[PDB]
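Chemist: A single structure is presented below for examination.
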Amino acid sequence: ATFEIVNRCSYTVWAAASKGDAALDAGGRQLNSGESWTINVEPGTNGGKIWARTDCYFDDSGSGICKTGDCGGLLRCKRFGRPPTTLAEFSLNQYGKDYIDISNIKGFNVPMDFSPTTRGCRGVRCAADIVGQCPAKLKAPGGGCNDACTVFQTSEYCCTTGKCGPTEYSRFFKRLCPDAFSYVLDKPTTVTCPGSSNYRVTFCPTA
């Protein structure tokens, strides 16, 4: 599958793509405002994620740090990033179908649209000003709005027992972005697409 990753933000982001134990394609790249990066993701990829990283500093060797979404200090991510990270999530060619979603379960840093570029399904978007409206106890100094599990590490926020309900914090994310997952047992906002669809992820789709 082809993913086009587009930075429509007025600021530079460092895109990342990983399935947790390996990079997808190159794994990461700098995207200045307006730049597009096309990657190829192997069919059958399960549990892939794409996210943006902000305020990064990398040396010649691709080693450094980012204030949001850092993946062990690497430009080319092999593992998932540090919250807060708005997440585009996908599993491809699962018994004939692709499944896509946006998640705020690991917080929010950059607004995002995740849409097919081929026919057969709709896209999803979370583009509200979650950072500006973020509850004080979830605000991340480096930027972004943490999820409650990251901040408080309780069974209820992290849904550790497989039982949990919505919370004051999850409802905040859900109010501003109804089409994104707000906690682990949220009613699924997953979209089913034809197997082997292609996609575009746009950072800052409205601004």
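Ligands are numbered from 1 in the order shown, residues from 1 within each chain, and chains are lettered A, B, ... in the order they appear in the structure tokens.
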At most 9 Å is the cut-off: for each residue in segment 39-155 of chain A with any atom that close to an atom of segment 191-207 of chain A, write down the nearest atom pair and the distance in Å rounded to one decimal, counting only C-alpha atoms, chain first then increasing number, as a Markdown table.
Modeler:
```
| residue | atom | partner | partner_atom | distance |
| --- | --- | --- | --- | --- |
| A:43 | CA | A:196 | CA | 6.9 |
| A:44 | CA | A:196 | CA | 8.8 |
| A:50 | CA | A:201 | CA | 8.2 |
| A:51 | CA | A:203 | CA | 8.9 |
| A:52 | CA | A:203 | CA | 7.7 |
| A:88 | CA | A:201 | CA | 7.7 |
| A:92 | CA | A:195 | CA | 6.6 |
| A:93 | CA | A:195 | CA | 4.9 |
| A:94 | CA | A:195 | CA | 7.4 |
| A:95 | CA | A:195 | CA | 8.2 |
| A:96 | CA | A:195 | CA | 5.0 |
| A:97 | CA | A:195 | CA | 4.0 |
| A:98 | CA | A:195 | CA | 4.8 |
| A:99 | CA | A:192 | CA | 4.8 |
| A:100 | CA | A:191 | CA | 5.3 |
| A:101 | CA | A:191 | CA | 6.2 |
| A:110 | CA | A:203 | CA | 6.7 |
| A:111 | CA | A:204 | CA | 5.0 |
| A:112 | CA | A:203 | CA | 4.7 |
| A:113 | CA | A:202 | CA | 5.1 |
| A:114 | CA | A:201 | CA | 4.6 |
| A:115 | CA | A:200 | CA | 5.4 |
| A:116 | CA | A:199 | CA | 4.2 |
| A:117 | CA | A:199 | CA | 5.0 |
| A:118 | CA | A:198 | CA | 5.8 |
| A:119 | CA | A:197 | CA | 7.8 |
| A:120 | CA | A:193 | CA | 6.1 |
| A:121 | CA | A:193 | CA | 5.2 |
| A:122 | CA | A:191 | CA | 7.3 |
| A:123 | CA | A:191 | CA | 7.6 |
| A:124 | CA | A:191 | CA | 8.0 |
| A:125 | CA | A:205 | CA | 8.4 |
| A:127 | CA | A:204 | CA | 6.9 |
```
Chemist: Which is closer to residue 17 of chain A than all the others in A:77, A:176, A:31, A:1, using only C-alpha atoms?
Modeler: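 So, comparing all the options, the nearest one is A:77.
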Chemist: Quick one: distance from atom CA of residue 27 of chain A to atom CA of residue 59 of chain A in Å, one decimal?
Modeler: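 About the pair atom CA of residue 27 of chain A and atom CA of residue 59 of chain A: they are 16.6 Å apart.
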Chemist: Between A:7, A:104, A:182, A:91, which is the closest to residue 45 of chain A once you count only C-alpha atoms?
Modeler: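 The answer is A:91, which sits nearest to residue 45 of chain A.
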